[PDB]
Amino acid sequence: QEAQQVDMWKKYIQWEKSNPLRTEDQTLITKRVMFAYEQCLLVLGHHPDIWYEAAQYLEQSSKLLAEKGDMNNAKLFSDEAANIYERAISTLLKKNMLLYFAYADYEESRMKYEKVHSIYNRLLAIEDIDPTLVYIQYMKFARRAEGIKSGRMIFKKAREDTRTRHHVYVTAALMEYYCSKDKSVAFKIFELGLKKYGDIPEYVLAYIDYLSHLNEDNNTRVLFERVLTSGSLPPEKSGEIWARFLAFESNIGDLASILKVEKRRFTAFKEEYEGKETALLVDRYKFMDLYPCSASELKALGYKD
């Protein structure tokens, strides 16, 4: 089938890369290898890995020619690798996020930032695409190559795009905490995001995770109470939150606070946890891969996860 054809082609390409003729001219080995790549891409151009590996090979060759001092062939093969990326996203895979990103990173590594901005915006201009990850990668590039202020602009652009999902908020907040070491901005971003996506369990869990690891008991408990009592998180979508709360109390609280939280949780899920009190108790004691029960005991208890 198609997987067999792909493997055959990659083995032919690897053979050519092994320089069976023992030529000493790297330009000739590269011409032969790229020829094999071209024949392959003629019929397997819908496989993104082949474009990527071909571009990577051309870049590697360019570097090897630069080390030997042949700057002209180095520049030639560098530009031709760029064109490999361009052809890959221009036909067949016009919507492949992975190759757009690879292209962006290649042009970033050549210090051609204008071309990077064009690539990310070309991708963003395709209407029927989820741009969230696109904005995340674009913010990463902006921050690390142009600075905090360029990153904040990309984040602004992401919020104004009605297709964007909550992850960019998470990313921006974490970026401010990890790169700028600024907890106040991190907080404000998480809070704006909470106003907009407080009914999404994965978002709320991200904020909870960030704050918990700040290691301030009162702030953590306050956030737990805010999210679980007020807020928009469906009560039937809150199980993981309660679990994190029980683990927080098990780490910093006493048996009384743990039992209070356990009982509030059970109330919230009185129906779903009928007769499952012992299976829940298991999670009062488990740590990492240590359980208080054997696998057979756990199955007989109705234990899940």
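Residue indices: 1-based, along the sequence shown.
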| item | value |
| --- | --- |
| Which of 283-291 and 13-21 has higher mean CA B factor, as the PDB entry lists it | 13-21 |
| Residue range whose averaged C-alpha B-factor is higher in the record, 63-71 or 261-269 | 63-71 |
| Out of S118, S232, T132, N96, highest CA B-factor residue | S232 |
| Out of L192, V204, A82, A158, residue topping the C-alpha B-factor column of the entry | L192 |
| Modelled-residue ranking by C-alpha temperature factor, third containing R143 | middle |
| Lowest, middle or highest third - CA B-factor, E108 | lowest |
| Entry-reported Cα temperature factor of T278, expressed as the chain third it lands in | lowest |
| Chain-relative CA temperature factor third for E114 | lowest |
| Where the record places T162 (Cα B-factor, split into thirds across the chain) | lowest |
